[PDB]
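Everything below concerns the one structure shown next.
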Amino acid sequence: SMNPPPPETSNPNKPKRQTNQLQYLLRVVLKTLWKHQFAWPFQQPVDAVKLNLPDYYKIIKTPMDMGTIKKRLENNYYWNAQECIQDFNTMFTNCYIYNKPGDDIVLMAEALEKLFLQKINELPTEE
Ligand SMILES: Oc1ccc(Cn2cnc(F)c2)c2cccnc12
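The sequence shown stops at residue 168 when you use PDB author numbering, and every number in between is there.
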């Protein structure tokens, strides 16, 4: 039930990078998803104390949220787009893992994933 430390958004011994794809992930992809009607559950780490999910972090061992992702992008925390895309997939996957099909929260994630996949279907080309 106690909340774990949120995932890092900076790390001095991790190399940082800025790429055109990563810029697009923040400017277009993340900030578009953010505004979706179903984004609000995924805009911050899950507060298992607030939401009364004392088993959340007993089940999910790689939490991830769009708020974390947003900070990581603004901080150049990622090396490449694929690293950032993998965080999105972790966030959707966590939601399917902790829940079951048909749940309102899963329908939310399912929709966001389709928009996400639509937006990353075509990324800009590297410079
Ligand atoms: O990422 C999440 C954020 C919030 C909640 C609580 N909650 C909010 N709205 C519904 F419908 C549920 C989650 C519940 C299960 C899995 N993930 C969750």
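Beta carbons are placed, not taken as given, at the ideal position from N, Cα and C, and that holds for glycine.
With residue i and residue j assumed to form a contact (beta carbons below 8 Å), what rounded beta-carbon distance in angstroms separates them?
i: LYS160; j: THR73; result: 6 Å
i: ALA150; j: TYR137; result: 7 Å
i: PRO165; j: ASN61; result: 5 Å
i: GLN85; j: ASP106; result: 6 Å
For a quick check, are the C-beta atoms of residue i and residue j less than 8 Å apart?
i: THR109; j: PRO48; result: yes
i: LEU71; j: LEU114; result: yes
i: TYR119; j: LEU63; result: yes
i: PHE79; j: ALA152; result: yes
i: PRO56; j: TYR98; result: no
i: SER51; j: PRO95; result: no
i: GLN59; j: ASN117; result: yes
Measuring from the CB of residue i, is there a heavy atom of ligand 1 at a distance below 7 Å?
i: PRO47; result: no
i: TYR139; result: yes
i: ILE146; result: yes
i: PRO82; result: yes
i: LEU94; result: yes
i: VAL90; result: no
i: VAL69; result: no
i: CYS125; result: no
Checklist entry - Which parts of the region 82-151 are runs of the alpha helix (DSSP H), unbroken and 4 residues or longer, counting only runs that do not cross its ends? => result Taking 4 residues as the minimum length, the alpha helix (DSSP H) runs contained wholly in the region 82-151 are 97-100, 107-115 and 122-139, in order along the chain.
Item to check | Start-end ranges of the alpha helix (DSSP H) lying completely within the region 42-75, minimum 4 residues | outcome: Annotation note: the region 42-75 contains the following uninterrupted alpha helix (DSSP H) runs of length 4 or greater, listed N- to C-terminal: 61-65 and 72-75.
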